[PDB]
Amino acid sequence: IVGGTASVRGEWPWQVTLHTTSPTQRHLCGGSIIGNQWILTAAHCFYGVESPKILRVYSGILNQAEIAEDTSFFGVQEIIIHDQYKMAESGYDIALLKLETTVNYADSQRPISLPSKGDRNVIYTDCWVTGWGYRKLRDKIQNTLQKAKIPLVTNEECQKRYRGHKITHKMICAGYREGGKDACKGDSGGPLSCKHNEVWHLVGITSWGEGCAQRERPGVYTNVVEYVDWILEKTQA
Ligand SMILES: *[B@@]1(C2=[C][C]=C([C][C][N]C([N])=[N])[C]=[C]2)O[C][C]([C][O])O1
């Protein structure tokens, strides 16, 4: 996260840090708890990943330092990538991780509600982007979970900032005309939490953009509301 600050412990209980153990353990992506055994994250976060076996999901984490060889984690039983996904920039950048065990909810780890199809004409206030991602073009995973308040931008406005791309209605962007605050490498899969009437909603999933926090270059996120049917279909046994 660029231009953000340290989050308070338990302030984003749905945020998880997804690690890979190969070659050696490290943070790979962010993700969101949406069900007792479900993590919603980004599809392009599994590039080169041929097995769920090297994955480890950690919940209720604030500082990466809390994670050691003796720290408990959730194994991943299955990785579900949208069958239409090809690459972040083309859309459908969404994936579901079915955990091997159930998450016992608590103040430190609980699910975030998905937006409703009726929440489309709703103006989201208090939108934040979080993660342990880079702080700059060429930085490194951050120890403390970072947070940054970032306003949503209309698709038409976003499209103007990405003439070479096609910003579809299945995407949603957020950023400042002058940049300064934005997601960066490592925040992918991270949730775009947004407040709607006192209730936190998972509006988007950190997907892509050009550089980090650059002027006139809004972050691009998967428009979650457009996938509620897909999520239901894939999570219902
Ligand atoms: B993501 C990731 C990669 C690159 C960026 C920078 C462009 N996006 C912006 N500025 N919003 C953000 C996030 O983090 C983990 C990796 C996994 O492949 O991708």
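Using ideal geometry, Cβ is built from the backbone for each residue, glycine included, and neighbour counts are taken over all protein chains shown. Taken together, the values in this text are just the output of simple stated rules run on the coordinates, not laboratory data.
Shape class of the range 92-140 from the Cα gyration tensor (axes a ≥ b ≥ c, square roots of the eigenvalues): oblate, since a/c reaches 1.5 or more and a/b does not exceed b/c. Compared with the alpha-carbon gap, the fully stretched path from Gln77 to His165 is longer by 28.2 nm at 0.36 nm per residue. Placing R0 at 35 angstrom, the Cβ-Cβ distance between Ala6 and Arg177 gives a FRET efficiency of 0.85 after rounding to 0.05.
Is the shape of the range 50-100 best called rounded, prolate or oblate, per the rule: a/c under 1.5 gives rounded, else a/b larger than b/c gives prolate, else oblate, with a ≥ b ≥ c the square roots of the Cα gyration tensor eigenvalues? Prolate.
Expressed as a fraction of 2.2 N^0.38 Å, the value expected for a compact globular protein of N residues, the C-alpha radius of gyration of the range 183-237 is 1.32.
When the Cα convex hull of the range 1-106 is projected onto planes of every orientation, the mean area is 7.5 nm². An oblate overall shape is assigned to the range 93-232, the ratio a/c of its alpha-carbon gyration tensor axes (a ≥ b ≥ c) being 1.5 or greater and a/b not exceeding b/c. Structural descriptor for the chain: relative contact order 24 percent, calculated from alpha carbon pairs under 8 angstrom and at least 6 residues apart. Our summary gives the range 136-237 a relative contact order of 27 percent, counting only alpha carbon pairs under 8 angstrom and 6 or more residues apart.
Computed over the Cα atoms of the chain, the ratio of the radius of gyration to the Kirkwood radius (Rg/Rh) comes to 0.93. Extent along the principal axes, Cα only, for the range 152-226: 34, 23, 20 Å, with the longest axis given first.
With contacts taken as Cα pairs under 8 Å and at least 6 residues apart, the range 1-123 reaches a relative contact order of 30 percent. Could you state the number of Å between the C-alpha centres of the range 122-190 and the range 36-112? Distance between centres, Cα-based: 20 Å.
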